[PDB]
C-alpha cells in the first residue's frame, strides 16, 4: 500500500491549492478549500490517524453532515505551502454522529485548526448537497484577481455581472447558466457572511464577495477549480476589453439564447433579459 499523503484526495488537495497559488489567486493565507469525502476514502489509512483525535464543537449543529469526513485547508495556512508539507497545512476532519462537532483525524499538526471559515464552508456544503441531490462535494474560495477588479467597476448585481461574464467567453453560459450571485460587501469570517453565501448557493454554483474574492461549488476538485477558472478567464478578457475602452461588439441576447438551447441549459432569466 502507501501513506495517506499519496492518496488521491491528499494529492488532489495539493494540486488544487498549488495551481490556485500559481494563478496568483492565493497570496498569504488568502483562500480556503474543503472536499467532502466518503468513509471508504479514508478507511485504509486509519492507523495513520492521530491517536486521540481532537474534538471541536460546531456553534450550529449540521445533522445533514453527520458522520461525514472532509479534507480541509488550515487556518492561517498558505496555499503555497501545501505542496511542501501537506500534514502541516491540511486536515482530515470527521463530523460526529449528531453533527454537533468534528474530530481532527489527521494533519493540522502543531495545534493548527481548520480554516476559520469551516462552519461557513459547512453551511454551503449543506445547501449544495440539497440543491444537487448530493452531487456537489467541494467548496472553494480564492482571491481571483480579475473578478475582484471587476467588483470596483461593474454594478455588483447578480444579473448585470453574470451577463458581462457570459459575454466575456462563449462557454460561460454553458458552464454557469444559473449565473454568479453577488453579495453586498460583508465583514469576512462572520456568521452573517456564511449565511448569506449559503443562501446564494441555493441558486448559484458561484458567489462573489465584492472587493474580496469568489466562492465556487462542484462535484470534484477539478470541476470546481474549472468552474472558478472559467469565470476568472472571462473576467480577465473583460478587464482587457474595458481597458481598451469597452465593447464595440459582443455576444448578443439572441446568440446567448441560441447557445442555451443547443447545450440544453436554462440561462438565468434576469441576466438574459438585459
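Positions refer to the first chain, counted from 1.
K.L.:
With respect to the recorded C-alpha B factors, which stretch has the higher mean value, 53-61 or 35-43?
P.N.:
53-61 has the higher mean C-alpha B-factor.
K.L.:
When the Cα temperature factors in the entry are averaged, is it 98-106 or 151-159 that ends up higher?
P.N.:
Mean CA B-factor is higher for 98-106.
K.L.:
Hey, out of 197, 83, 169, 146, whose CA B-factor is highest in the deposited coordinates?
P.N.:
Out of 197, 83, 169, 146, the record gives the largest C-alpha B-factor to 83.
K.L.:
Given 139, 180, 173, 112, identify the residue with the highest C-alpha B factor in the PDB entry.
P.N.:
Comparing C-alpha B-factors across 139, 180, 173, 112, the maximum falls on 112.
K.L.:
Among the modelled residues of this chain, does the Cα B factor of residue 29 put it in the lowest, middle or highest third?
P.N.:
According to the entry, residue 29 has a C-alpha B-factor in the chain's highest third.
K.L.:
State the tercile, meaning the lowest, middle or highest third, of residue 164 with respect to the CA B-factors recorded for its chain.
P.N.:
For residue 164, whose C-alpha B-factor we compare with every modelled residue in the chain, the answer is the lowest third.
K.L.:
By the recorded C-alpha temperature factor, relative to the other modelled residues in its chain, which third is residue 224 in?
P.N.:
For residue 224, the deposited C-alpha B-factor lands in the lowest third.
K.L.:
Would you check the entry's CA temperature factor for residue 125 and let me know if it's in the chain's lowest, middle or highest third?
P.N.:
Residue 125: CA B-factor falls in the lowest third of its chain.
K.L.:
C-alpha B factor of residue 236, ranked within the chain: lowest, middle or highest third?
P.N.:
Its C-alpha B-factor belongs to the lowest third of this chain's values.
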